[PDB]
Q: 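Got a structure for you, questions after.
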Amino acid sequence: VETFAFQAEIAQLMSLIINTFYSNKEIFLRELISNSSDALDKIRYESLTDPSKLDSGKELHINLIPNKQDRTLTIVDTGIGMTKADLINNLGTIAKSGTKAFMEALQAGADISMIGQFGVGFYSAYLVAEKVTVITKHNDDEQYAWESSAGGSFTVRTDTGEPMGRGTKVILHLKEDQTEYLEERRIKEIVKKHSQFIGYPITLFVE
Ligand SMILES: Nc1nc2c3ccc(NCCO)cc3nc(Cc3ccc4c(c3)OCO4)n2n1
């Protein structure tokens, strides 16, 4: 279990997301599905010059798994996955320039629903989650669990859970006031309104 500090900018974005009054929380779901869609484009893309990159699983899709018992909503994709270096270095680099641009727009008229246009939509998960655990597997690397409850830090460990093949699970530990996002009907309403044209199948699991 290693512990790392976020860069100043990302930490500050994360507190803004957590502390600002903003009632339209539901946009988190569009952002994570859109992240999954991008990760699926990326695996489909690299496999064009190396078809063996699909040995770890051919199917390209997304599952939404609510669990009232654990109070979690998990978004699962078989996209390209993230390496250790992504989790500790590259994602932070991407998040730095994206945060700055998002900040500039926010003070000049924009709102939190436009976060995905700046490449930092993942952090919108913190509108509804007190803790996010991300389990990720990339092709020539091991399986990792990343985890953060914000407050300026995150952890990374080699994951010993069930091996997952290739891709990412984002596990959202929902705040107590946000269990609406565990309801089939709420989720289905949200997918229909904001995520109806994704180029990969999306399956909504029932409890
Ligand atoms: N499902 C999925 N797949 C990817 C993903 C897959 C590949 C990738 N490549 C990074 C450049 O090598 C970046 C990615 N970024 C995100 C967004 C993301 C951004 C920040 C994150 C995070 C995920 O988990 C922990 O912190 N996702 N989300």
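We count residues from 1, following the sequence as given. Excluded from the calculations below are hydrogen atoms, water molecules and symmetry mates; all remaining heavy atoms, backbone and side chain alike, are included. One-based numbering, in listed order, for ligands and for the atoms of each.
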Q: Between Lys25 and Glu180 (salt bridge meaning N to carboxylate O under 4.0 Å), is one present in this structure?
A: no
Q: For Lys53, what residues pass the salt bridge (charged side-chain N to carboxylate O under 4.0 Å, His left out) criterion, not counting sequence neighbours?
A: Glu46
Q: In the protein, what heavy atom is nearest to atom 7 (C) of ligand 1, and what distance, to one decimal place, separates them?
A: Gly81 O, 3.4 Å
Q: Would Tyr123 count as being in polar contact with ligand 1, using the rule that some N or O on each side must be under 3.5 angstrom apart?
A: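 By distance alone, the answer is no.
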Q: Using the salt bridge (charged side-chain N to carboxylate O under 4.0 Å, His left out) criterion, which residues pair with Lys188? Sequence neighbours excluded.
A: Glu184
Q: Salt bridge or not for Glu162 and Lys169, using N-O below 4.0 Å?
A: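 No, this pair does not count.
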Q: List the closest protein heavy-atom neighbour of atom 3 (N) of ligand 1: residue, atom name, distance to the nearest 0.1 Å.
A: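 Looking only at protein heavy atoms, the one closest to atom 3 (N) of ligand 1 is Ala39 CB, 3.4 Å.
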Q: Considering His138, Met82, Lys169, which one's heavy-atom position lies nearest to atom 6 (C) of ligand 1?
A: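 Nearest heavy atom to atom 6 (C) of ligand 1 lies in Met82.
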Q: Have a look at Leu91, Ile43, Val170 and point out the one with the heavy atom closest to atom 15 (N) of ligand 1.
A: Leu91
Q: Give me the residue, atom name and distance of the protein heavy atom closest to atom 17 (C) of ligand 1.
A: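 Nearest protein contact, heavy atoms only, for atom 17 (C) of ligand 1 is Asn35 ND2, 3.7 Å.
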Q: Please determine whether a side-chain nitrogen of the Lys or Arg among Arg186 and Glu189 lies less than 4.0 Å from a carboxylate oxygen of the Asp or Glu.
A: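 Answer for the salt bridge query: yes.
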Q: Check contact between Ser148 and ligand 1, using heavy atoms of the residue and a distance below 4.0 angstrom.
A: no
Q: For atom 2 (C) of ligand 1, what is the closest protein heavy atom, and at what distance to 0.1 Å?
A: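 Protein heavy atom at minimum distance: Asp77 OD2, 3.9 Å.
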Q: With heavy atoms under 4.0 Å as the rule, classify the contact between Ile80 and ligand 1 as side chain, backbone, both or neither.
A: side chain
